[PDB]
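*Asks:* Below you will find the structure I want to go over with you.
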Amino acid sequence: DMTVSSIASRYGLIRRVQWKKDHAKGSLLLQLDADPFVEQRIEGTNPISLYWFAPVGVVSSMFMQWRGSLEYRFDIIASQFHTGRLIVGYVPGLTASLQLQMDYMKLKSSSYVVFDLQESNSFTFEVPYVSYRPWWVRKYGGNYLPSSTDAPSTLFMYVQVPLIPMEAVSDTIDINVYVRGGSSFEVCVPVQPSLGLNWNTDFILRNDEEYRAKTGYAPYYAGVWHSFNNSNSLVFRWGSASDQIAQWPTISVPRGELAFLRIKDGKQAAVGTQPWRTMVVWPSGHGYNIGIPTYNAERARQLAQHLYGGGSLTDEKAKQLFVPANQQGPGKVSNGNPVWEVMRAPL
Amino acid sequence: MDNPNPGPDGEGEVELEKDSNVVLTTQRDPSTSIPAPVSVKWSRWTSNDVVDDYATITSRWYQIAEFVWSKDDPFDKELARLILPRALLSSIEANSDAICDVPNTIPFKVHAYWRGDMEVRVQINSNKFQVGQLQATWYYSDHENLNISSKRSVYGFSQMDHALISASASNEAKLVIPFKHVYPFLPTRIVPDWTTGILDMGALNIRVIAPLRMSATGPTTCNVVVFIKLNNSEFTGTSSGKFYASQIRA
Amino acid sequence: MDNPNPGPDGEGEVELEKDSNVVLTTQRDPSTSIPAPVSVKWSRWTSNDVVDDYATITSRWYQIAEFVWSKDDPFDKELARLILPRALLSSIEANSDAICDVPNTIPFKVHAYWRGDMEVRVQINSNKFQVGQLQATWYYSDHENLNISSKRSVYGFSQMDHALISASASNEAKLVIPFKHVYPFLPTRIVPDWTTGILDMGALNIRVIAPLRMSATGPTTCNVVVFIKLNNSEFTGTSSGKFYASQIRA
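Residue numbers (our numbering), protein chains in the order written: chain A, 98 to 444; chain B, 571 to 820; chain C, 571 to 820.
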């Protein structure tokens, strides 16, 4: 029973939402993507982060197009003394900016469903497939940056009615989420896989274009600078004196892409409250590019989504991704000028 | 028959109401309230123009209201007194949104006159430890009556067709409301007459017959959802949208 | 048979095209131009949602263009080069009016994707003493071609499916244009792809093959009316109107 269908019928976990009484009448729980290439990042540790994928994720990671109908099992672990109502709506045509500006009300405009829960925990929503295209090309195209088209749409799970928990059952409740190919998840044409092994998660860094600070700017700790958000955020410094800010090589990125940095060994990164393994590189105006440490890879990507999205540094959207200066910690310097590798993603 | 068997899935049936691109469920059968017979189609009477309705689009389930139910609410305190054609539009328009934006309103924008039966759900998520009671009641012409404050009372609407909702074992009030106005059609905006009271076939209204009687430190708040289906309709009277009318206030 | 009998009513037949709450006439049978077979319905392929069209409402005849025909216009000078999905909306939107206001556009506002054949009338009122000629031609994907300026010429479109209009004995160009795009559906607004070229199935374009050849002091000006019927449609893809897109410029 080795069928593409046989696989895309097992229900693999993909999300876990904590639902609480404190959740307002108007609130969202998850806005995950309605396409087989729906991820779940697993914590740590090496540069390239590992990801969880349903059986309907591993395929069609091998195929170009899919055209299928899908479904989500929302396992709601709940007593009979927990009551609430959840929404879920597949709204086709969700572009980048339009993914926000999205309430639970305009979702009620597209194919949507409301679920009542007293003594019936879970339910299953079958995800419709609305496209202009018969089949649907890869969201993740490997290995090729601009050869990857976004998902056709997404489903959300708002809180139609907040939860009302009696004093002898807790107020927060886990919403486990599973995903599998629906009644007719089709698959079209075998091409290069967009997913790798898990056996040997290494990558011999060619050639040897390892990203690291300009010759002379080592070691370097996370600190502050009066010229970088008025000393309110962390930036890499190669000294404690006047304007000793780490100057970093310029990264040539083709239009339609973004760039940030993840260090090879965490045992060589600069130290504050945590190893600053992730950073973003952008010009400083004072005539060079500065290394701006981020909390994690997501916060480094999101910054690249805003600077490469034709933005500035003095915008509030970017300055809420900068690491606060109370995270500078004991201010340990790095282990010399360790290797960073430049990540790439379309925008 | 009473063997309880709640597996990994706590067992219990869930009846659903799809019905047109939207699926809304209720884990407890509703208490219906049918105030009138189904309305016949009087399009082939009043107007000889484009005679039709809109199926998959206006026969859906949009939300028009939602509110709070608490212990503070005294005996007879209406949580809503919402007009029924009407507040389908009037809710969205005051949501800083337009009528044009939603699929269950768009013909009201273009078309001048409307006739059709109504369907309504008064779903709530109350807990089994809450001891209260509500009553959703219908009145085919509330604003036309002068002293209806006299009628605006829990006692008065019990006298007539209504549905009952008790906090514990929450519970839904089905509420089939067919068309019964004086004139067989309703005007979507200002018209050679009906210069006000635009698109008003009567108001729904939910008051309280029993407050949420909560134990010491029991859960205080509750909540209601009002949904509405507009089936069996007819929209004759094609008119540009600059003639339209953004409905009056709450 | 040729006995002329023009009574108090100057005699002559008038064929009409109603067809859905609008009646438009033509006193002279049209010169049709069918570039493709009728399109099959691919709703039960690309999308599994509310699968329908709108009869009496989007299958009508709205005006999208009108312009001038004069002696000044040299040999090959297009009077219009209007995109066809598309300028049904783009004409009204630039009329300082909204899409929401007119009945032949409203589902484009709500619904995300559209497929359907098209019908077009190029009616003109020219006089029997005007000796000119126009040609309305269709191209199932004009913007996709790079050097279509090469094709943008009276010579080039004569090579293909078109209709002919001569000033004298004016005259209509029927223009049945079924759906033939690369992908079976069209996107009404910005979408995960189609970030531009929104709702474009190809452009119509009317150039001149013979200028208005007018006698001394004969009537100078002329005029054209472009009408459009959107029959055999399908609008799957329900979306709020805040996701909409006011089409690009002329």
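In this text, a Cβ means the ideal position worked out from N, Cα and C, and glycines have one as well.
Using only CA atoms, which one of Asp763/B, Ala773/B, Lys750/B, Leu782/B lies nearest to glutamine 700/B?
*Replies:* On the second sequence, residue 700/B is found 130 positions in, with the first residue counted as 1. Taking only the C-alpha atoms, the option nearest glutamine 700/B is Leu782/B.
*Asks:* Which parts of the stretch 210-294 of chain A are runs of the beta strand (DSSP E), unbroken and 3 residues or longer, counting only runs that do not cross its ends?
*Replies:* List check, beta strand (DSSP E) in window: 220-224, 250-253, 256-258, 270-278.
*Asks:* Per DSSP, what are the beta-bridge partners of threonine 787/B in this structure?
*Replies:* Working through the second sequence from its first residue, we reach residue 787/B at position 217. Answer is none; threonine 787/B lacks a bridge partner.
*Asks:* Between which two residues does the beta strand (DSSP E) carrying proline 152/A extend?
*Replies:* Counted from its first residue, the first sequence places residue 152/A at position 55. Looking at the DSSP string, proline 152/A is not in any beta strand (DSSP E); the run it does join, the alpha helix (DSSP H), is 152-155.
*Asks:* According to the Cβ coordinates, are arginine 685/B and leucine 756/B closer than 8 angstroms?
*Replies:* Position 115 of the second sequence, counted from the start, is the residue given in the question as residue 685/B. Position 186 of the second sequence, counted from the start, is the residue given in the question as residue 756/B. Yes, they are a contact pair.
*Asks:* Note down, in chain order, every chain C residue with its Cβ under 9 angstroms from the Cβ of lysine 721/B.
*Replies:* As a position in the second sequence, residue 721/B is number 151, starting the count at 1. Correct list: empty, because the minimum Cβ distance to chain C is about 38 angstroms.
*Asks:* Please classify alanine 820/B as buried or exposed, where buried requires at least 16 other C-beta atoms within 10 Å of its C-beta.
*Replies:* Sequence index remark: in the second sequence, residue 820/B carries index 250 (1-based). It is exposed - the Cβ of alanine 820/B has fewer than 16 other Cβ atoms within 10 Å.
*Asks:* Report yes or no: do three or more beta-carbon pairs, one from the stretch 171-188 of chain A and one from the stretch 280-298 of chain A, lie closer than 8 angstroms?
*Replies:* No, because fewer than three Cβ pairs between the stretch 171-188 of chain A and the stretch 280-298 of chain A fall closer than 8 angstroms, the two stretches do not touch.
*Asks:* Which residues, taken in chain order from the stretch 632-653 of chain B, show a beta carbon closer than 7 angstroms to some beta carbon of chain A?
*Replies:* From the stretch 632-653 of chain B, only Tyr632, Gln633, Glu636 have a Cβ closer than 7 angstroms to chain A.
*Asks:* Strictly under 8 angstroms for the Cβ-Cβ distance: is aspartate 671/C near chain B by that measure?
*Replies:* Locating residue 671/C in the third sequence gives position 101, where the first residue counts as 1. Yes, contact with chain B.
*Asks:* Which residue from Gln417/A, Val266/A, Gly382/A, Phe160/A puts its Cα closest to that of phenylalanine 178/A?
*Replies:* By one-based count along the first sequence, residue 178/A stands at place 81. When only C-alpha atoms are compared, the closest one is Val266/A.
*Asks:* Taking C-beta to C-beta, are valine 778/C and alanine 743/C nearer than 8 angstroms?
*Replies:* Translated into the one-based positions of the third sequence, residue 778/C becomes position 208. Translated into the one-based positions of the third sequence, residue 743/C becomes position 173. In this structure, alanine 743/C does not lie closer than 8 angstroms to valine 778/C by Cβ.
*Asks:* Can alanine 343/A and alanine 397/A be called in contact, C-beta distance under 8 angstroms?
*Replies:* Residue mapping note: residue 343/A aligns to position 246 of the first sequence, counting from 1. Residue mapping note: residue 397/A aligns to position 300 of the first sequence, counting from 1. Cβ atoms of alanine 343/A and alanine 397/A: not closer than 8 angstroms.
*Asks:* Could you list which residues in chain C have their beta carbon closer than 9 angstroms to that of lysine 812/B, in chain order?
*Replies:* Sequence index remark: in the second sequence, residue 812/B carries index 242 (1-based). Result: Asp667, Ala668, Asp671.
*Asks:* Taking only beta carbons into account, state which residues of the stretch 228-249 of chain A come closer than 7 angstroms to chain C, listed in chain order.
*Replies:* So the list reads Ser228, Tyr229, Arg230, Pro231, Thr246, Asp247, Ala248, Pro249, given in the order they occur along the chain.
*Asks:* Among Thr806/B, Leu586/B, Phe637/B, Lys750/B, which one has its Cα closest to the Cα of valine 258/A?
*Replies:* For the purposes of this step, residue 258/A is taken as residue 161 along the first sequence, with counting starting at 1. It is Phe637/B whose Cα lies nearest to the Cα of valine 258/A.
*Asks:* With a 10 Å radius around its C-beta and 16 neighbouring C-beta atoms as the bar for buried, classify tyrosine 201/A as buried or exposed.
*Replies:* As a working mapping, residue 201/A is identified with position 104 in the first sequence. It counts as buried.
*Asks:* If the cut-off is 7 angstroms on Cβ atoms, which residues from the stretch 587-617 of chain B count as contacting chain A, listed in chain order?
*Replies:* Answer set for the stretch 587-617 of chain B: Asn591, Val592, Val593, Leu594, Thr595, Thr596, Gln597.
*Asks:* Any Cβ of chain A within less than 8 angstroms of the Cβ of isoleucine 760/C?
*Replies:* As a first step, residue 760/C is located in the third sequence; it is residue number 190 there, counting from the start. Answer yes: the Cβ-Cβ gap between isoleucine 760/C and chain A drops below 8 angstroms somewhere.
*Asks:* Assuming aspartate 622/C contacts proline 225/A (C-beta within less than 8 angstroms), just tell me the rounded distance between them.
*Replies:* To locate residue 622/C, count along the third sequence from 1; it is residue 52. To locate residue 225/A, count along the first sequence from 1; it is residue 128. Wrong, their Cβ atoms sit about 15 angstroms apart, outside the cutoff.
*Asks:* Under 7 angstroms Cβ-Cβ, which residues of chain C neighbour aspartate 623/B?
*Replies:* Residue numbering aside, residue 623/B sits at position 53 when the second sequence is read from its first letter. Neighbours of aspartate 623/B on chain C: none; closest Cβ ~10 angstroms, over 7 angstroms.
*Asks:* Any Cβ of chain B within less than 8 angstroms of the Cβ of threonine 628/C?
*Replies:* Taking the third sequence and counting its residues from 1, one reaches residue 628/C at position 58. No, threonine 628/C lies away from the interface with chain B (no Cβ there is under 8 angstroms from its Cβ).
*Asks:* Just the C-alpha distance for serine 339/A and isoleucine 760/C, rounded to the nearest angstrom, thanks.
*Replies:* Here the question's residue 339/A lines up with position 242 in the first sequence. Here the question's residue 760/C lines up with position 190 in the third sequence. Looking at the two C-alpha atoms, the distance is approximately 49 angstroms.
*Asks:* Counting only beta-carbon separations shorter than 8 angstroms, does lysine 679/B have a partner in chain C?
*Replies:* Counted from its first residue, the second sequence places residue 679/B at position 109. Yes, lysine 679/B counts as interfacial toward chain C.
*Asks:* Which residue comes first and which comes last in the beta strand (DSSP E) that contains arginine 164/A?
*Replies:* Here residue 164/A corresponds to residue number 67 of the first sequence, with the count starting at 1. Unbroken run through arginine 164/A: none, as it is neither H nor E.
*Asks:* For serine 206/A, return the contacting residues in chain C, with the cut-off set at a CB-CB distance below 7 angstroms.
*Replies:* The sequence position of residue 206/A within the first sequence is 109, counting from 1. Simply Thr808, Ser809, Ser810.
*Asks:* Find the nearest neighbour of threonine 787/B within the set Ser106/A, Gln198/A, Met263/A, judged by alpha-carbon distance.
*Replies:* Along the second sequence, read from residue 1 onward, the residue named residue 787/B stands at position 217. Among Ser106/A, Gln198/A, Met263/A, the Cα nearest to that of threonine 787/B is on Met263/A.
*Asks:* CA-CA distance, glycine 811/B and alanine 650/B?
*Replies:* Counting from 1 along the second sequence, the entry for residue 811/B is found at position 241. Counting from 1 along the second sequence, the entry for residue 650/B is found at position 80. Their backbone Cα atoms lie some 30 angstroms apart in a straight line.
*Asks:* So with CB distances below 8 angstroms, who are the chain C contacts of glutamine 177/A?
*Replies:* Position 80 of the first sequence, counting from 1, holds the residue named residue 177/A. In chain order: nothing, as chain C lies at least about 35 angstroms away.
*Asks:* Does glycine 190/A come within less than 8 angstroms of chain C when only Cβ atoms are used?
*Replies:* Numbered from its first residue, the first sequence carries residue 190/A at position 93. Closer than 8 angstroms to some Cβ of chain C, the Cβ of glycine 190/A qualifies, so yes.
*Asks:* Counting only C-beta atoms, is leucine 756/C closer than 8 angstroms to chain A at any point?
*Replies:* Position 186 of the third sequence holds residue 756/C. Closer than 8 angstroms to some Cβ of chain A, the Cβ of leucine 756/C qualifies, so yes.
*Asks:* Which runs of the alpha helix (DSSP H) spanning at least 4 residues fall entirely within the stretch 613-671 of chain C, listed in chain order?
*Replies:* As far as the stretch 613-671 of chain C is concerned, its whole alpha helix (DSSP H) runs of at least 4 residues are 613-616, 625-628, 657-663.
*Asks:* So is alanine 682/C in contact with chain A if we call contact Cβ pairs under 8 angstroms?
*Replies:* The sequence position of residue 682/C within the third sequence is 112, counting from 1. Yes - at least one Cβ of chain A is within 8 angstroms of the one on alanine 682/C.
*Asks:* What is the DSSP secondary structure of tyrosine 201/A, counted as helix, strand or coil?
*Replies:* Start at 1 with the first residue of the first sequence, and residue 201/A comes out as number 104. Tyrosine 201/A falls in the helix class under three-state DSSP.
*Asks:* Would you check if there are 3 or more beta carbon pairs closer than 8 angstroms linking the stretch 795-814 of chain B to the stretch 653-660 of chain C?
*Replies:* No, they do not touch.
*Asks:* Please compile the residues from chain C whose C-beta is within a distance smaller than 9 angstroms of the C-beta of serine 166/A.
*Replies:* Numbered from 1 along the first sequence, position 69 holds the residue referred to as residue 166/A. Chain C residues near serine 166/A: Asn618.
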